[PDB]
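In what follows, a single structure is set out as structure tokens and then discussed.
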Amino acid sequence: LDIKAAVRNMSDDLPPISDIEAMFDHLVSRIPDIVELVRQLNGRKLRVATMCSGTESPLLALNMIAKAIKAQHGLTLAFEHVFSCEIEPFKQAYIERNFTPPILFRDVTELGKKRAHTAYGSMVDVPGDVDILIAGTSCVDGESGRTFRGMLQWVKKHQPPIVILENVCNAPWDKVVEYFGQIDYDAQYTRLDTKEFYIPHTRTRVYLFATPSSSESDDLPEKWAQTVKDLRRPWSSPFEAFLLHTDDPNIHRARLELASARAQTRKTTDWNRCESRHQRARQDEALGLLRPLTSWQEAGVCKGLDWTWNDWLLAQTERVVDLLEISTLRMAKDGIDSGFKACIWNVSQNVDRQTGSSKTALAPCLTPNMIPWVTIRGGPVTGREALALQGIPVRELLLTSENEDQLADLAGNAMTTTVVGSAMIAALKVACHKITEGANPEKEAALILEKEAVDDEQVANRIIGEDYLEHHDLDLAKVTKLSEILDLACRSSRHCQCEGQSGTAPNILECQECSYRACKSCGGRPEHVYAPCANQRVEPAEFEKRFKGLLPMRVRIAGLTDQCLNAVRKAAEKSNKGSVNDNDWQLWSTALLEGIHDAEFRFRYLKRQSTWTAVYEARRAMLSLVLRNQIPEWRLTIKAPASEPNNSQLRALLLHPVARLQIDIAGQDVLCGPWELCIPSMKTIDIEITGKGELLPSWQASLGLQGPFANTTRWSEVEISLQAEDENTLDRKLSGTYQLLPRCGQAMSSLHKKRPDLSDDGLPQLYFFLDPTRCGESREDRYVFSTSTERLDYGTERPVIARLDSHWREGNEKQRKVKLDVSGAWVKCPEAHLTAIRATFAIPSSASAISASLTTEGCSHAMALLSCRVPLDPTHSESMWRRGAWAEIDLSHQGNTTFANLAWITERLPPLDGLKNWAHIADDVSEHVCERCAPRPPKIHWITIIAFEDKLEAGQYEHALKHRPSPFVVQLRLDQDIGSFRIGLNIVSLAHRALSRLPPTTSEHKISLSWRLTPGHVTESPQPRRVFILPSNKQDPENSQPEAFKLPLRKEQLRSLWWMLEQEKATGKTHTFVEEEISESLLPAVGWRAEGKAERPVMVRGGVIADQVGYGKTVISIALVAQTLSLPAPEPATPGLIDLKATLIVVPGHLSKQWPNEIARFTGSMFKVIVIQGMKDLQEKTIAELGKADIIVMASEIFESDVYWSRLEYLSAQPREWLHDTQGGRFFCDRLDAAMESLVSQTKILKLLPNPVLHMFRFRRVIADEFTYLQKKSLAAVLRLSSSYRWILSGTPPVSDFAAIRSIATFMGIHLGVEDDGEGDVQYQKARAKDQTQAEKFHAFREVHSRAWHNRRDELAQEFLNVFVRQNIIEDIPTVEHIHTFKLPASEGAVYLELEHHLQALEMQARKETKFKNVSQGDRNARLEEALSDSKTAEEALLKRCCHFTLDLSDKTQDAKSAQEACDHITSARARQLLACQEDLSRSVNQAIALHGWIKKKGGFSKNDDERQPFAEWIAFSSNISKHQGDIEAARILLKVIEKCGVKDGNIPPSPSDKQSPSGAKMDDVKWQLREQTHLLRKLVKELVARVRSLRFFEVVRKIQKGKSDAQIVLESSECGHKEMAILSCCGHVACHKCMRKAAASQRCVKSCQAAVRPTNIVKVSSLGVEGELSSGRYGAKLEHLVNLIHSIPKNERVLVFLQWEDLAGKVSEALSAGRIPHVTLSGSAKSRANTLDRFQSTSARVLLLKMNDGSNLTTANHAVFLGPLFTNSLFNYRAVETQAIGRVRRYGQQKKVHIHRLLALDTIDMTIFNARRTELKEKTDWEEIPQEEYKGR
Ligand SMILES: [Zn+2]
Ligand SMILES: [Zn+2]
Ligand SMILES: [Zn+2]
Ligand SMILES: [Zn+2]
Ligand SMILES: [Zn+2]
């Protein structure tokens, strides 16, 4: 066939091919002329050089070419990756991990010179000779081609014989060939399609071979292209063969970070431009306006079909989510059910860009800016799966912390390996000559044998030990022993699709008429009849082990000779089934015998799907233990031969399993019973479907399609009829009546359930539904009639009973003839048997035998941890084992496959016990690093400053890191029929690694190295951050007294003072904290994580108090200073130093004026004090001036001052511009490091130095009084200076994570952690990743840790906390509550009453604010919403209006000042919006009439009755008062439509008209645009109706509130025939309560209201309010009760209020002056809130007006007065801000009785929220309530 015809949809004759090795094997089998390259090399080594290739698809393909060439012709050709270039750090880390090029450069522009920088920073010379070169997508771009010309300088100089490019179709290719001809290179570009070379991806890219000119009269590129376009072979395997399974540890992890990321967390764009296009499409294809995949409301309110990765759908945008709906509807109406056909959408493209509904097996182009969507999974294409569509093989990949966008970059800007391999092989073949052969074979072969002979010894001597005890022989027949296992299986199997392969989902729900289990969170759109799940859950980790003990490992089949089958068919011939044919029988029996004979099935893995299953791989078949809940069994499947066409008669008949083994429930053994064969014998039978029952909307109708699928009916039952014998031959008695289960989803919502019948009593339930084939035309999909409905996987087949014809679908007909087909007849077989089967293994089982034989500089050797011996068959054996000598196996590139073929051995071994605890030699030699296990990272140089790196040290660091001992070593051999493989850990290497990462100190301590090994380690799915708890400080004895202070210590500061004394004393305590640096190494598949650690004990005196303002931290620290006085406990000293006995405090600037005044207030005069503010005090006093001083306190700005650093460098003997920086980053840290190295020498030399620096000399004590304030520049200052004891004081301790705890511990002196920049948050990583050298940013991606190595550091941080960190946080005081409740005055109460129902009418909750382009659509929003003024949401406005009456608070130009006078403005302004509505409705009708006439100028609609017009039918229906219109609402529509244009007829031109058409032209654009105008007009009609209905309601209630003759007259307008009466909240419909309760229940009042009404709306007219009762007119009733309460307090207390609304606070502050309660408002100034709070707390102003979110001590304050409940989103944040401020007043240090007051309104949303808070807060956290007592005071 032609290539285009073939690649449009996959050829059925090309064999299915998905293995990249088989791809390239076939490609080499194509051309046999490639050996000419072997010859023209003559023993040389080919020289490749890629540039910006991305993922080295070149080298992947070329390795596979070399392996293929050897496989066919027995000829070896080698090639040496001379150098690669790549710019992006994560890309080059990926390359270095997965390939290890010997040279890897930064940028191509540099490499036109004699040397360049490699990725590391080595600056090696450019190589100079290559043979083939490949540039890429990223370099071909005087600025545009900065890279392209830079690469051309390389090409011109070095003249490579072959050059290949790769890029998009739309590139300046002619200019490329011009630039090539500039330097004499023959170039020809051609475009080629990825789908044309073996892969079902669709990508077209443009290539061009190059070669130097004048090689011949021939033009080489033309012949090259002719050969390349010959190398075409279309796709034949669906993209479902390149996809990983859904429950796969790399995909389920991808689902889990999505859920976890959502668990941590607003950006609203308007898609109004494309919205009209979406509805236009829905209108055009006649699709409905439904949303059947995910019913989406807003950005993130959607709800998928429970199996659809819903946490991804929540994160998309509205356009994408809607386009998914439009796609599923287009794919519907074509007989195709999306979600059950395997296909893929790329939904980033706008609507109508693509035709869509393409060939299902194919996949669109996966551009870097893609948002793909796998249909049948319900989720995005995982990046690892986008890399396998580029031909890259993904098994042995190393990925370390890549995003999905960062990895989509790689997968999109890649080279399809088959395509580049074809281009290379044609290029090399055509340009085979002109190659500069070496042709010296034997001198090279000698070196080849030299390298092999030296490494064959090197691997054999790497293992020491093996004298450790061998352990008892294991037999593979561990069949050691009933249905308790089979029900442990049910209790352990999967219950929520989101569970995966080891997960527990709370609140499982199980259905009836079908057993579909799902979690309560992700379940309910395909909802169907649930009930909670009964059974309790066993962990699968615990189950699987009991299962493993039940299983053999190698099994074989005994029976099934030939000619036994030849009598198996005889009995079925005697029986009524019949044998259809003999050709198929021969072709089947043949391939069955070569699958059974000579095959030892080996155990591979266990599937934890909703049913547990075990899998056994052979050479030519597979075996599966199914372990069903009912009828567990074994099924055998035979692999069809690899070289078979897709439409093969053999391959087809070898698709379903071929043999069956019913596990005997009686028998306690797994393997037992008879074997039944599925003989291939297709059968023709005739059936009679009958449709009876109620008719239901069809599947398409339920989706809401509007074409011929507008309304279509299908039956609710189906009565199936089969012939007697034609029933008896089939095993299951399948004739009955099947009830449809529409809520129970399936393909086309088709789940029919068998009714319970007779004699099928104990048997699984049989379902009948539709199941598509994941590929192929709609007419492929059929009815399954099966016994299971589980969501299967690729390569798993459904065990079905009989299939039905493919032309049934659905209907509503009475009965019809249909053809059923069944093809597999099972027949008994007793001759089959399944049979299980001097092995050893050297478990060391002696943790000390290794430790004894361990020696220093033994890093070269691998201490043997395990050995084994197992009998294999040397025949039909595979090449992992090596005959004769140990072969090592490189784990990084072969470990997954290796350990996947050894699992049948590895899962009989016992777990390595005796190794969990760690013990080893002690007092080890310190600082003796290996410099082979742990190289010294190079010194980084600094010089607008760029982090430069030292090239010379970089090269040694490179070589050393390249040559490091692999911590685990695996070796295998097959000497004589007995395979022996061993595992060894390089323990001393781990210890040497951990030794290096532990910085040296001048300590008299010696570390101890140790090591441990833990089995069973499993990779960890994400959990949330661990919170860090601080221990209390009350359980200890209290220090007696300070014997100096004049004031007591309140009995809760004594218990902490004793704690500060005991540590600065440090009784006993050879060492306090043990700093532990661990290093690890993973052996994944076996599961061992072997970790070795170094411990250093350190003894340090001090801690962090971490206590909040209003606590006597200052008092307690002056106490600790007084106690240890004249007591010279600190022993050590630098040999040259100026140590004093003073103590130092570091405090911020505005808190320094405090501290000496508290010594003065307290004892004072018992020790000399010096405070220093400002630099010109350090100049003032010398060293002997500063002498004889006990306590010194410094402002933090002294370090931030730069004359301080000038003095520091002057005493450091540095140049005067050294240490002179304005940014204070990592560079200034080195400027400190060198200086501090200088200080020790300077002070070692040699007083009264006039201007000393604090950093030069040593203290008795340093106290960091605030640790979170100290800026990033001045923190480094306070981290250096030395002291005998270390104290940190802080109101807020920075204890949020490890990176925050480490900042404290560095001040302490501990070294609990090391930097890695892979542990912080995504935010925090960036602020440090801007300071990284370009090589460090690369080194971060190179190595990654285990998420257990972080948890252990978390544990060590917690252990640091529990020793050095205390916190005093438990009822201090009587905390009483006083719920004050309002009566509604109805002077402003009714003002409130109109708001909630006005907002109910307009149904607007919040003001949305987004990007509006349409000037006449955005203003209609800014005006409609304008009534909810000065606020964000309905709750906020309702609270503001229940606190105080006012239309709106931002505009103070007009002031109501009274309740009725405010109602006046309410009525006036609301009539104003009514007129605004009618006048927007004015201009809109005119524009509609004009656009209507725009059809008329063109002339009719091409027919008198071409179509009904939306606008026309809206007229003459909105133009009468007949029906579907308010009693009085619509009479005001005629007054506005007729005045423009009268009766329906004519009036084509408008009476005023400015622009007849805003308007290229389509004549359908304006048509459907007029339709949109009709819809908008209907909308506007609705708001008019609401506006007038609410107006009538409010004027009615204001009538009673006025209480006059009009009130009584319209009171007697009851209209209910009666004359106590309730009012409708929607309009004035005063009809009596007696009938009107039934009116509101029946949802229809007596009138011709107009809209349905709720019984909760009703109010009693006598219950509205009484007038003249209380003067609630001057201000809000809340404000006057506030005045009353604050009057009622005694004058001597203190009051604070919160004011949760700052807008309301402006009015509250003014109204408080009416009560004349002098107040502070906490505003009016910036940064002068310090004086705000110093006021009235130094001693005046009583009451404070807080903000409820705007560290200060409120100890003077006694009464909190909340003034209305706070409005907030989450209960967590509610309680956080609620216990906070409840904490601000009575935290500690208070000698009062705290009272909490609430001013709430009885009939108001404020109580509606208060009840919601109370009735839910007591359940969660079991929050402690406070006693409630009525405030009587004064
Ligand atoms: Zn779920
Ligand atoms: Zn159900
Ligand atoms: Zn070492
Ligand atoms: Zn009545
Ligand atoms: Zn009414």
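FYI, nothing fancy with the structure tokens labels: chains A, B, ... in order, residues from 1 per chain, ligands from 1 as they appear.
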Which residues are near ligand 4 in this structure, taking near to mean any atom at most 9 Å from a ligand atom and counting only C-alpha atoms and all ligand atoms? Format them as a list in words.
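These are the residues that qualify: residues 1614, 1615, 1616, 1617, 1618, 1619, 1631, 1632, 1633, 1634, 1635 and 1636 of chain A.
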Could the residues in this selection be written to a file with C-alpha atoms, as a short mmCIF file (atom, residue, chain, number, x, y, z; two decimals), in the first residue's frame?
data_model
loop_
_atom_site.label_atom_id
_atom_site.label_comp_id
_atom_site.auth_asym_id
_atom_site.auth_seq_id
_atom_site.Cartn_x
_atom_site.Cartn_y
_atom_site.Cartn_z
CA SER A 1614 -56.07 40.05 51.73
CA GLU A 1615 -57.31 38.44 48.44
CA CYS A 1616 -57.85 35.15 50.33
CA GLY A 1617 -61.48 35.87 51.17
CA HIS A 1618 -60.70 36.46 54.85
CA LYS A 1619 -60.06 39.69 56.74
CA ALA A 1631 -53.16 36.42 52.06
CA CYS A 1632 -53.73 34.85 55.45
CA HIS A 1633 -51.36 32.30 56.96
CA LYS A 1634 -54.12 29.69 57.23
CA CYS A 1635 -54.37 29.16 53.48
CA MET A 1636 -51.02 30.63 52.56
#
Check the DSSP output for the backbone and give back, as a compact mmCIF listing (two decimals) with N, CA, C and O atoms, in the first residue's frame, the residues of range 818-1044 of chain A in strand (DSSP E or B).
# COMPACT_ATOMS: atom_id res chain seq x y z
N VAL A 818 -31.98 -11.74 16.53
CA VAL A 818 -30.58 -11.32 16.61
C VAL A 818 -29.75 -12.59 16.66
O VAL A 818 -30.25 -13.66 17.01
N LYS A 819 -28.48 -12.49 16.27
CA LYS A 819 -27.60 -13.65 16.21
C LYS A 819 -26.57 -13.57 17.32
O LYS A 819 -25.81 -12.60 17.40
N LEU A 820 -26.55 -14.58 18.18
CA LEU A 820 -25.60 -14.69 19.27
C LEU A 820 -24.48 -15.62 18.82
O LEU A 820 -24.70 -16.54 18.03
N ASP A 821 -23.27 -15.38 19.32
CA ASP A 821 -22.13 -16.22 18.97
C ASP A 821 -21.28 -16.53 20.19
O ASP A 821 -20.95 -15.63 20.97
N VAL A 822 -20.97 -17.81 20.37
CA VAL A 822 -20.09 -18.30 21.41
C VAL A 822 -19.08 -19.24 20.78
O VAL A 822 -19.42 -20.01 19.87
N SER A 823 -17.82 -19.15 21.21
CA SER A 823 -16.73 -19.80 20.50
C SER A 823 -15.81 -20.64 21.36
O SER A 823 -14.99 -21.38 20.81
N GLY A 824 -15.90 -20.55 22.69
CA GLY A 824 -15.02 -21.31 23.55
C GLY A 824 -15.73 -22.35 24.39
O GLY A 824 -16.45 -22.01 25.33
N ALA A 825 -15.53 -23.62 24.07
CA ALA A 825 -16.13 -24.73 24.80
C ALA A 825 -15.07 -25.34 25.71
O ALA A 825 -14.03 -25.81 25.24
N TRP A 826 -15.33 -25.31 27.02
CA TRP A 826 -14.42 -25.92 27.97
C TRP A 826 -14.74 -27.40 28.12
O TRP A 826 -15.91 -27.79 28.19
N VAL A 827 -13.70 -28.23 28.15
CA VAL A 827 -13.82 -29.68 28.19
C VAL A 827 -12.86 -30.20 29.26
O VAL A 827 -11.75 -29.68 29.39
N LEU A 834 -0.06 -29.83 37.54
CA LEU A 834 0.81 -28.69 37.77
C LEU A 834 1.69 -29.05 38.96
O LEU A 834 1.17 -29.36 40.04
N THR A 835 3.00 -29.04 38.76
CA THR A 835 3.93 -29.55 39.76
C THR A 835 4.93 -28.47 40.14
O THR A 835 5.42 -27.74 39.28
N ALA A 836 5.23 -28.39 41.43
CA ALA A 836 6.26 -27.49 41.91
C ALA A 836 7.64 -28.02 41.54
O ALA A 836 7.80 -29.17 41.14
N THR A 840 21.54 -23.16 48.49
CA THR A 840 22.02 -22.65 49.77
C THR A 840 21.87 -21.14 49.77
O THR A 840 21.42 -20.55 48.79
N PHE A 841 22.24 -20.52 50.89
CA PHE A 841 22.42 -19.08 50.95
C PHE A 841 23.14 -18.71 52.23
O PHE A 841 22.86 -19.28 53.28
N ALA A 862 34.22 -5.18 48.85
CA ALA A 862 32.79 -5.20 49.13
C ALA A 862 32.52 -6.32 50.12
O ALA A 862 32.62 -7.50 49.78
N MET A 863 32.15 -5.96 51.35
CA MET A 863 31.91 -6.95 52.38
C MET A 863 30.69 -7.78 52.03
O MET A 863 29.59 -7.25 51.90
N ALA A 864 30.88 -9.09 51.91
CA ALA A 864 29.84 -9.97 51.40
C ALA A 864 28.72 -10.06 52.41
O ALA A 864 28.92 -10.53 53.53
N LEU A 865 27.53 -9.61 52.01
CA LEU A 865 26.34 -9.77 52.83
C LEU A 865 25.48 -10.95 52.44
O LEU A 865 24.67 -11.40 53.25
N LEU A 866 25.60 -11.45 51.21
CA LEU A 866 24.76 -12.57 50.85
C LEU A 866 25.40 -13.34 49.71
O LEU A 866 26.09 -12.77 48.87
N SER A 867 25.15 -14.64 49.71
CA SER A 867 25.59 -15.52 48.65
C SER A 867 24.47 -16.52 48.41
O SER A 867 23.60 -16.70 49.26
N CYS A 868 24.48 -17.16 47.25
CA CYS A 868 23.48 -18.18 47.00
C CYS A 868 24.01 -19.17 45.99
O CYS A 868 24.93 -18.88 45.23
N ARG A 869 23.43 -20.37 46.02
CA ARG A 869 23.69 -21.42 45.04
C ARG A 869 22.37 -22.08 44.71
O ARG A 869 21.67 -22.55 45.61
N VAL A 870 22.05 -22.14 43.42
CA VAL A 870 20.78 -22.70 42.98
C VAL A 870 20.97 -23.53 41.72
O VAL A 870 21.73 -23.13 40.83
N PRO A 871 20.35 -24.71 41.62
CA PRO A 871 20.49 -25.52 40.40
C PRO A 871 19.64 -24.98 39.26
O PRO A 871 18.42 -24.85 39.39
N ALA A 887 30.44 -12.40 36.72
CA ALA A 887 30.07 -11.23 35.94
C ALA A 887 29.35 -10.26 36.86
O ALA A 887 28.38 -10.64 37.52
N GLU A 888 29.83 -9.04 36.91
CA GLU A 888 29.12 -8.00 37.62
C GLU A 888 27.96 -7.53 36.76
O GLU A 888 27.97 -7.72 35.54
N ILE A 940 34.65 27.51 45.46
CA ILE A 940 33.88 28.37 44.58
C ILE A 940 34.37 29.79 44.73
O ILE A 940 34.49 30.30 45.85
N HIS A 941 34.65 30.44 43.60
CA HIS A 941 35.29 31.75 43.60
C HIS A 941 34.23 32.81 43.36
O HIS A 941 33.19 32.55 42.74
N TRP A 942 34.47 34.00 43.88
CA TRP A 942 33.56 35.12 43.74
C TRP A 942 34.31 36.33 43.22
O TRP A 942 35.45 36.60 43.61
N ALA A 947 28.80 33.84 40.49
CA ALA A 947 29.37 32.72 41.24
C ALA A 947 30.24 31.91 40.30
O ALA A 947 29.77 31.08 39.53
N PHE A 948 31.54 32.17 40.35
CA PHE A 948 32.51 31.59 39.45
C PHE A 948 33.01 30.31 40.11
O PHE A 948 32.92 30.17 41.33
N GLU A 949 33.52 29.37 39.34
CA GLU A 949 33.97 28.11 39.89
C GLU A 949 35.40 27.82 39.45
O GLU A 949 35.81 28.18 38.35
N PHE A 968 26.55 -0.80 46.61
CA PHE A 968 26.15 -2.19 46.51
C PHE A 968 26.82 -2.81 45.30
O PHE A 968 27.10 -2.13 44.32
N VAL A 969 27.11 -4.10 45.39
CA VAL A 969 27.76 -4.84 44.32
C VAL A 969 27.03 -6.16 44.16
O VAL A 969 26.91 -6.92 45.12
N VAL A 970 26.55 -6.44 42.96
CA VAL A 970 25.89 -7.70 42.66
C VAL A 970 26.74 -8.44 41.64
O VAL A 970 27.25 -7.82 40.70
N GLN A 971 26.92 -9.74 41.83
CA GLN A 971 27.68 -10.52 40.87
C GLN A 971 26.99 -11.86 40.67
O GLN A 971 26.40 -12.41 41.59
N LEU A 972 27.09 -12.38 39.45
CA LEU A 972 26.46 -13.65 39.12
C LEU A 972 27.44 -14.50 38.33
O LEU A 972 28.31 -13.99 37.64
N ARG A 973 27.28 -15.81 38.43
CA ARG A 973 28.09 -16.72 37.63
C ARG A 973 27.34 -18.03 37.50
O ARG A 973 26.49 -18.35 38.32
N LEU A 974 27.67 -18.78 36.45
CA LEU A 974 27.15 -20.13 36.26
C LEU A 974 28.35 -21.00 35.91
O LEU A 974 28.65 -21.21 34.74
N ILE A 978 25.25 -24.89 38.20
CA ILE A 978 24.77 -24.38 39.47
C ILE A 978 25.05 -22.89 39.47
O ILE A 978 26.21 -22.47 39.56
N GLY A 979 24.00 -22.09 39.34
CA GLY A 979 24.18 -20.66 39.36
C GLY A 979 24.53 -20.20 40.75
O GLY A 979 23.91 -20.64 41.73
N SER A 980 25.52 -19.34 40.86
CA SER A 980 25.90 -18.75 42.13
C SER A 980 25.91 -17.25 41.96
O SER A 980 26.59 -16.73 41.07
N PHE A 981 25.15 -16.55 42.79
CA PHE A 981 25.15 -15.10 42.74
C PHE A 981 25.32 -14.58 44.15
O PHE A 981 24.85 -15.19 45.12
N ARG A 982 25.99 -13.45 44.25
CA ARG A 982 26.30 -12.87 45.54
C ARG A 982 26.01 -11.39 45.53
O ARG A 982 26.03 -10.73 44.49
N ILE A 983 25.72 -10.88 46.72
CA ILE A 983 25.43 -9.48 46.99
C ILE A 983 26.40 -9.01 48.05
O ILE A 983 26.62 -9.70 49.05
N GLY A 984 26.97 -7.83 47.85
CA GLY A 984 27.89 -7.29 48.81
C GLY A 984 27.74 -5.80 49.03
O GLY A 984 27.61 -5.03 48.08
N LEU A 985 27.78 -5.38 50.28
CA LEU A 985 27.72 -3.97 50.64
C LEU A 985 29.12 -3.48 50.94
O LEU A 985 29.92 -4.21 51.54
N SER A 1008 32.33 8.23 66.45
CA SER A 1008 32.23 6.79 66.23
C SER A 1008 31.47 6.58 64.93
O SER A 1008 30.43 7.19 64.71
N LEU A 1009 32.01 5.73 64.07
CA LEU A 1009 31.28 5.31 62.89
C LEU A 1009 30.51 4.05 63.20
O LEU A 1009 30.92 3.24 64.04
N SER A 1010 29.38 3.88 62.53
CA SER A 1010 28.58 2.68 62.68
C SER A 1010 27.74 2.50 61.43
O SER A 1010 27.75 3.34 60.53
N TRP A 1011 27.02 1.39 61.37
CA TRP A 1011 26.31 1.05 60.15
C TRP A 1011 25.21 0.06 60.45
O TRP A 1011 25.35 -0.77 61.35
N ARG A 1012 24.14 0.12 59.67
CA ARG A 1012 23.00 -0.77 59.84
C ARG A 1012 22.39 -1.02 58.48
O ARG A 1012 22.69 -0.35 57.49
N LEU A 1013 21.49 -2.00 58.44
CA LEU A 1013 20.81 -2.36 57.21
C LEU A 1013 19.39 -2.77 57.56
O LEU A 1013 19.18 -3.59 58.44
N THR A 1014 18.42 -2.19 56.85
CA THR A 1014 17.00 -2.43 57.11
C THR A 1014 16.35 -3.01 55.87
O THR A 1014 16.38 -2.36 54.81
What separation in Å, quoted to one decimal, exists between CA of residue 1791 in chain A and CA of residue 1756 in chain A?
9.2 Å
Expected selection as a PyMOL selection string for ligand 1 within 9 Å, only C-alpha atoms and all ligand atoms:
chain A and resi 306-307+309+495-499+505+508+518-523
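Residues in contact range of residue 1720 in chain A, defined as at most 8 Å between only C-alpha atoms, with sequence neighbours fewer than 5 positions away removed, read residues 1732, 1741, 1743, 1744 and 1745 of chain A.
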With only C-alpha atoms and all ligand atoms counted and 9 Å as the cut-off, give the residues of chain A in contact with ligand 5, each with its shortest interatomic distance in Å and the pair that gives it, as a Markdown table.
| residue | atom | partner | partner_atom_place_in_ligand_line | distance |
| --- | --- | --- | --- | --- |
| A:1589 | CA | ligand 5 | 1 (Zn) | 8.2 |
| A:1592 | CA | ligand 5 | 1 (Zn) | 8.3 |
| A:1593 | CA | ligand 5 | 1 (Zn) | 7.0 |
| A:1623 | CA | ligand 5 | 1 (Zn) | 6.9 |
| A:1624 | CA | ligand 5 | 1 (Zn) | 4.8 |
| A:1625 | CA | ligand 5 | 1 (Zn) | 7.0 |
| A:1626 | CA | ligand 5 | 1 (Zn) | 5.7 |
| A:1627 | CA | ligand 5 | 1 (Zn) | 3.7 |
| A:1628 | CA | ligand 5 | 1 (Zn) | 4.1 |
| A:1629 | CA | ligand 5 | 1 (Zn) | 3.0 |
| A:1630 | CA | ligand 5 | 1 (Zn) | 6.5 |
| A:1631 | CA | ligand 5 | 1 (Zn) | 8.0 |
| A:1645 | CA | ligand 5 | 1 (Zn) | 7.8 |
| A:1647 | CA | ligand 5 | 1 (Zn) | 8.1 |
| A:1649 | CA | ligand 5 | 1 (Zn) | 5.1 |
| A:1650 | CA | ligand 5 | 1 (Zn) | 8.4 |
With only C-alpha atoms and all ligand atoms counted, collect every polymer residue having an atom within 8 Å of ligand 2; state the result as a list in words.
residues 511, 512, 513, 514, 515, 516, 527, 528, 529, 530, 741, 743, 744 and 745 of chain A
List as number ranges by chain the protein and nucleic acid residues lying within 6 Å of ligand 3, with only C-alpha atoms and all ligand atoms counted.
A: 859, 930, 932-933, 989, 992
For the residues in that selection, give me N, CA and C atoms as a CSV table (one decimal), in the first residue's frame.
chain,number,residue,atom,x,y,z
A,859,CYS,N,38.1,0.2,51.5
A,859,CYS,CA,37.1,0.8,50.6
A,859,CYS,C,37.0,0.1,49.3
A,930,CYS,N,38.3,9.5,52.9
A,930,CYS,CA,38.9,8.5,51.9
A,930,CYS,C,39.4,9.2,50.7
A,932,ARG,N,38.4,8.9,48.0
A,932,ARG,CA,37.9,8.1,46.9
A,932,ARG,C,36.4,7.7,47.0
A,933,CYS,N,35.9,7.5,48.3
A,933,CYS,CA,34.5,7.4,48.5
A,933,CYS,C,33.8,8.7,48.6
A,989,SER,N,32.9,2.0,52.7
A,989,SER,CA,32.6,3.1,51.8
A,989,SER,C,31.4,4.0,52.3
A,992,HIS,N,32.9,5.9,55.2
A,992,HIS,CA,33.8,7.0,54.7
A,992,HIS,C,33.0,8.2,54.1
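Counting only C-alpha atoms, the residue from A:579, A:18, A:1613, A:9 that sits nearest to residue 362 in chain A is A:9.
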Might you pull out every residue within 9 Å of residue 1254 in chain A, with only C-alpha atoms counted and same-chain residues fewer than 3 positions away left off, and present them as a ChimeraX atom specification?
/A:1257-1258,1281
Just the residues within 12 Å of residue 490 in chain A, please, counting only C-alpha atoms, with nothing from its chain fewer than 6 positions along; format it as a count of residues only.
21
Shell of 12 Å around residue 727 in chain A, only C-alpha atoms, local chain residues under 3 positions omitted, as a list in words:
residues 576, 577, 685, 686, 687, 720, 721, 722, 723, 724, 730, 731, 732, 733, 734, 735, 736, 801, 802, 820 and 822 of chain A
